[PDB]
Every structure is written in C-alpha cells, then in structure tokens.
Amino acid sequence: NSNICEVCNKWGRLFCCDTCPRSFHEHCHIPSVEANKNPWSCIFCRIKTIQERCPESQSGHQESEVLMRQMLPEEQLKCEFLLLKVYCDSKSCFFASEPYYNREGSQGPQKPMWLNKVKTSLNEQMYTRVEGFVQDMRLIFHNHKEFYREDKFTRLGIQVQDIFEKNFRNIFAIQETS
C-alpha cells in the first residue's frame, strides 16, 4: 500500500485499502474509515464496483435528471466520493472550515457554506436528493466569487469549482457536450 494518505498526501496513522493500494487517514476518508470490517474496501473501490456491476451506469445522463435523484445508498456514496475528490485538491483548505467576512467594500453572503458543513450534512443524512448536495457545493464557490469581487483571490473559487464540476460530470456520468 501507499505510505501517504490519498487525500492530504501526508504520512501518519493510515488505514490501508484491502482491494487497492491506497491509504487514508481515518477522517480524510469519507465516510470516516469504518471500525471493523476485514477486508476493508475504500470509496474508490466501492465506486468502481458500482460501475462494474452496472456498466450502463456510465452512459451519458442529463444533469437535470441526476439532480432529482433521491439520495439512496448509491447516490449517497457518489456524493461522498465527489466531496472527497474536492478535499483531494490542496486548495480545498480555503473552503474547509467556517469562513468570516470583514472586507472593506464587501458584504458577507446571506448563506455561508463550507466543506466541513457539507461533510456533516452528508454524515447526518440531511440531503434527500442529489440536488441538495450539489446546491450547497456550488454555493461555496459562488459565495467566494461574490465576496472577493475583483481581488485576484477570487480565482481560488474558480479553480476549486472546476475540480468539483469535472468530478461531478465524471462520477455521475453526465453526457459529454461542446
């Protein structure tokens, strides 16, 4: 197995996947690495299994249809994986914890949002449809773009949103377009 966490790229107390060479810190994995279960399969392996069991699941989909799906176990897992893919980018540190807003010439967002809040919301099964999860994820970056205005720091929101969106289109097999 790898000797660093797949998400944060640090060593430490790592739990190893039994079906692939990836490793994780306990709370870097989403959901948090389970207490027992030998063997243990990581979220990357669990997602691969879904695809292998239903190869047609990779045919193109309309975003509108994906968003309306109820959060049954497979959609739950897919949102957890997409959330994990965002944390895998080091620029996610900017969006992880609860933000605060005191900048001359800007007002804070009406509805602040951050990754750890989405993580808790998933854990607590607070989303009933994929749309709930996707809306809160997109809101993180929209809030950032609006607040930082013309500061070049706005680009961090664009960058991490692009990682979100590419992974969304991959995991949920959104129909490719020009």
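A residue's number is simply how far along the shown sequence it sits, counting from 1.
If you average the C-alpha B-factors over 79-87 and over 101-109, the higher value belongs to 101-109. Averaged over Cα atoms, the B-factor as recorded in the entry is higher for 43-51 than for the other of 125-133 and 43-51. The residue among 70, 59, 36, 143 whose C-alpha carries the highest B-factor in the deposited model is 36. Annotation for residue 22: CA B-factor lies in the highest third of the chain's modelled residues. For residue 149, the recorded CA B-factor ranks within the highest third of the chain. Only modelled residues enter the ranking. In the PDB entry, a CA B factor belonging to the lowest third of its chain's modelled residues is recorded for residue 169. Among the modelled residues of the chain, residue 32 sits in the highest third by CA temperature factor in this PDB entry.
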